[PDB]
Each structure stands twice: as C-alpha cells, then as structure tokens.
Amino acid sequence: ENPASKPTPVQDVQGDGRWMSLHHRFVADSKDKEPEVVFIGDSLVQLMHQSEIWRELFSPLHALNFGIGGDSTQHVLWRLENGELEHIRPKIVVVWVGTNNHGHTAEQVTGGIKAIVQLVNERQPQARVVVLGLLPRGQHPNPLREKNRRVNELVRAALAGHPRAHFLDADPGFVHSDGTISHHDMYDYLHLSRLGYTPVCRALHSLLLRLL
C-alpha cells in the first residue's frame, strides 16, 4: 500500500488523547450543524480559525473547520471515513494536507490527496472539492520545498480533468528572490502569521465565492 492513502488515526504516544478528542468534537459538530462548507486538513487549516480572518471571510459562508495540527493525508482520510462527513451535505469541501507527510515521496503524498478527493466524491458526491497547494517552507532553499512543489505539480495534473475538483495555488510568492522566506509571513518558516494568512485567505475566499 501507499501509506499516504491507507486511512489510519494518529496513535496517542503521549497520553492525553487530544487527537481523538478533536476528531470526536468534529463528529459532534457535523452531527449538530448544517455547514455549506467544511475545511479539513493540518495546522494551516486549523490555525486559520484562530481568527481574525476567519470571522470576517469564512464564518459568513456557514463553515466548519476540522483542521488538526500535525495531520498527514492518511489521518485526514481516516477522519473523513470515521464520522466527520456524516449528517451533513456541504456544497464545498476544502482540503489542505500533505506538508506533514515526512517519509513519503511526492508521488505517494499526491496519491494520498487523490484518495481524499475520491472519498469526498463518494460520501458527498454533490460537493465541489477545493485542494490547496502545499506552501513552501524553511528559511532557505531545501528538499521540502522541491517536494511540496512536485506534489503541487502532480496534484494539479491530477485534478485538471475533474469538473468539480479545483486546485488552488494560494502562494502569493512567499519565497523571495534571494531564496528566503520572511519570518513576517511565516514566524517559524512553516506556520503563517496574520500577515501571511491575508493573501492566502483572500485567494481562497474569492474562489469559494465564485463556486458558491
């Protein structure tokens, strides 16, 4: 198997069960709410909710945010199969995962992303699926930049022929001419500051408004 597309939960090796607590909260959310849009993915999705761009741009859309820090594609796949898509009928599902898939080749990660789109197409066939490109990372040029770039190419190629599947590259150009990423945009060269989220969320919001 491709480990990126084999659904599996995160095993708790620390002891406080926080991952499973989050999953259960999201399952409860889906059970009790009627979102038009659901966002699912890793910390880039999760921390988008810690506003203050979420309330102005995405709350009005009737959205649920199921981002979980540290998740790889297989974790998101498992969550979608194990309750987070139940009791809802969203118009759009936004997917943003793959940067945490350490140990998986770019091809494998792409396979994971395609599995997530397929699952969504099966369980929520009426929904359009938006997949965000993986952002660059690291202060200077490094292998993860090339990897994430390659994933984006392969995913873009994969979704090109997909009527209601949309690939969005939300990168406004975080990697500068000198090859650096500014801590003003990504405070730790991975997670986005408020300043970093602005153009990303702006790009997403526009697309969501078209589709909607």
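One-based numbering along the sequence shown.
Notebook entry, point to check: According to the deposited model, is the average Cα temperature factor higher in 2-10 or in 201-209?
Noted result: Looking at the record's C-alpha B-factors, the answer is 201-209.
Checklist line | Stretch exceeding the other in mean C-alpha B-factor - 133-141, 67-75 | finding: Here the higher of the two C-alpha B-factor means belongs to 133-141.
Checklist line | Out of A160, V151, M186, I40, highest CA B-factor residue | finding: Reading the PDB entry, the winner on C-alpha B-factor is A160.
Margin query: How does the C-alpha B factor of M20 compare with the rest of the chain: lowest, middle or highest third?
Written below: Lowest third of the chain for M20's C-alpha B-factor.
Next item on the list: Within this chain's modelled residues, let me know which third the CA B factor of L195 belongs to: lowest, middle or highest.
Entry: Its C-alpha B-factor, which the entry lists for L195, ranks in the highest third among residues of this chain.
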